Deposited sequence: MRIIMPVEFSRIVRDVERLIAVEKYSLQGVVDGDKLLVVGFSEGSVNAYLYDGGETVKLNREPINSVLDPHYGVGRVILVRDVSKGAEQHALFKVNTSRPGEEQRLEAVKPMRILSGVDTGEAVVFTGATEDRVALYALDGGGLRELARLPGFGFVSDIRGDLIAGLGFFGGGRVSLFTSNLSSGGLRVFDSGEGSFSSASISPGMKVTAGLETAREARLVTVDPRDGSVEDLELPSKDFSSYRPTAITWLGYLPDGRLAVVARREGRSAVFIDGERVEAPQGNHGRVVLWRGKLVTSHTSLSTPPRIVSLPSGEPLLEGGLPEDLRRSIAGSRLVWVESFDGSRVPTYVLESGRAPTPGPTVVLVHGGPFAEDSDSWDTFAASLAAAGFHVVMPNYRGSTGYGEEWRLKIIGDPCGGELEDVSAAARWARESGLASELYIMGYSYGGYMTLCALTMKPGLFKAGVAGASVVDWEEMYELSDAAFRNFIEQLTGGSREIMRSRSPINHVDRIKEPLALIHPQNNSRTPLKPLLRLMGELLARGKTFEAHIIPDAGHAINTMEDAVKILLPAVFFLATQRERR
């Protein structure tokens, strides 16, 4: 019999677990960390195992402080949920005492950095996006940005940042604290991901390309770009495909966090440093040792010491729930056409081998399933399901060629990849029985598996799915028409034939629909129509139509996760 309340307790514990990101070193040699729990963010000083809360009421984020600055700048939503913020200053000697920065009117704060004498940030208002500087003399507009943009770093007078300023690529920009202004350096082939300013006032930047990522040196004075060579070749040899973050430490060495194949690595002046498997945040030097944040499919975001991996600050899950979420791994599954599908697997401690396995299909489709904490995967593992997460073609993270392969072929190659994952799970010995579950494009993939690969999965969960492309091409807004057009090669024939609503007759397995009742980007009407067909043709289905369905709170979990875990737990007994 299904242990409904046992599942609800677990989901609640996975939703509440505190998660940490590392922001910097501030005050008297103390770590600045931000903790989130259930959509509630706070900021702390951390030293020697205890933490002191800096803020009063919950915040949205903090700006990045320079090493040793005696204060922290809090960003807070100005109304319950609003998308406009206010800034507050807390002196690190006097935690919990907040001073509103009254010079800065409400606006959308996008990023920020605090040198200790000047707060430099970007912000979006009724009529524009601007880079701003705030100091003891007042607020100044440094520059109008031609789009959303973010401050990456300040050193002396030079400001560096990243902007979405056109071409669908991310550009580098610089400005100055003194005169303002804006120079923009274009990516060309690729897209810039990160930037820090070198002691020599050059901008070091991560350039993401169609293939391998690299570090470049940009001279703001003449716009010249050259490849930067590091003294150690660990970094070059790693062959990174992304560059998460980079920054110069106080002693002048360059710290870089770079990724490949769903996990990241930490380098100092090119030399790799041992780190726990998964993904890392920024790296700081603190009392002579390295510290970074770490997350994985089995570890909620936490602060750790390198190279030991020992956690400094970590949220507490109960012993038994912790045991249920076992290790994660990367396997490369062979799709029907020979292609190798990078697939992450989170094993359940509460399931045998072979055991019940869910193929949890990510959405997007232009997104990546990496080795990072995911509530849904964890909840499935908690509930006694092994979890298989395939980076079907269309995914990001594995080169442009792999992303572009979905184009013109929805419910084709990518479905074969999902299918190959299922089949690998069975053949490798992981799975006794298979389920499929996903949201957004994942939901679409669930409907395509159940109609075009009936008898592969024992049951499916489809959330926030698209059901008929042709209908949506006609209903929706300009940016979404464009997506559908790209995806289907502008073919109405493909639009109809890759729509699952046109194949309801083929479904042989129980289907659970979870769907928002008021979100104009996955509208309800088409889904009512599917339900009408399912009903007319005598299909087994469950449906949950709820208003106001993102997942951060328990309320959100209850609306869109719980029904899927319950349904699946219940089919497991079928």
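Gaps between the deposited sequence and the modelled structure occur at positions 1 to 5, 555 to 556, 582.
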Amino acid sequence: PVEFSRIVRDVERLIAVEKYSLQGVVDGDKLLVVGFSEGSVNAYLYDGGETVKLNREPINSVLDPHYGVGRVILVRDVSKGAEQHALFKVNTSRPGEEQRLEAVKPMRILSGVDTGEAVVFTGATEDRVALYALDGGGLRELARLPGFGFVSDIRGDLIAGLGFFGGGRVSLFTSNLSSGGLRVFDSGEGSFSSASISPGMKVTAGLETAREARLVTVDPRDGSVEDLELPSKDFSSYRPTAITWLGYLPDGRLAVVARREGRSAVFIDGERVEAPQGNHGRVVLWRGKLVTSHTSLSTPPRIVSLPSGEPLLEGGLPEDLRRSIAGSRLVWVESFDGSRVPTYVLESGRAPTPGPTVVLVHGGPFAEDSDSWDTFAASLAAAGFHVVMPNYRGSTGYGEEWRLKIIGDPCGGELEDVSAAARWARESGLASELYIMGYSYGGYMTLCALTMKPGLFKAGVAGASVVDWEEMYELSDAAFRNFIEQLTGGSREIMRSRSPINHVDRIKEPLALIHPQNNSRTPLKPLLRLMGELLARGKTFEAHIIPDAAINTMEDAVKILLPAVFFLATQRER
From here on, numbers count along this sequence of modelled residues.
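Comparing the deposited coordinates for 204 to 212 and 119 to 127, the stretch with the larger average C-alpha B-factor is 119 to 127. For the pair 254 to 262 and 183 to 191, the record assigns the higher mean C-alpha temperature factor to 183 to 191.
In this entry, the residue among 470, 371, 334, 368 with the greatest C-alpha B factor is 470. Of the candidates 89, 393, 302, 458, the deposited coordinates give 89 the top C-alpha B factor.
When the modelled residues of the chain are ordered by C-alpha B-factor, residue 178 sits in the highest third. Ranked within its chain, residue 416 lands in the lowest third, by CA B factor from the PDB record. Sorting the modelled residues of the chain by their CA temperature factor places residue 528 in the highest third. In this PDB entry, residue 41 carries a Cα temperature factor that places it within the middle third of its chain's modelled residues. Ranked against the other modelled residues of its chain, the C-alpha B-factor of residue 143 as given in the entry falls in the highest third.
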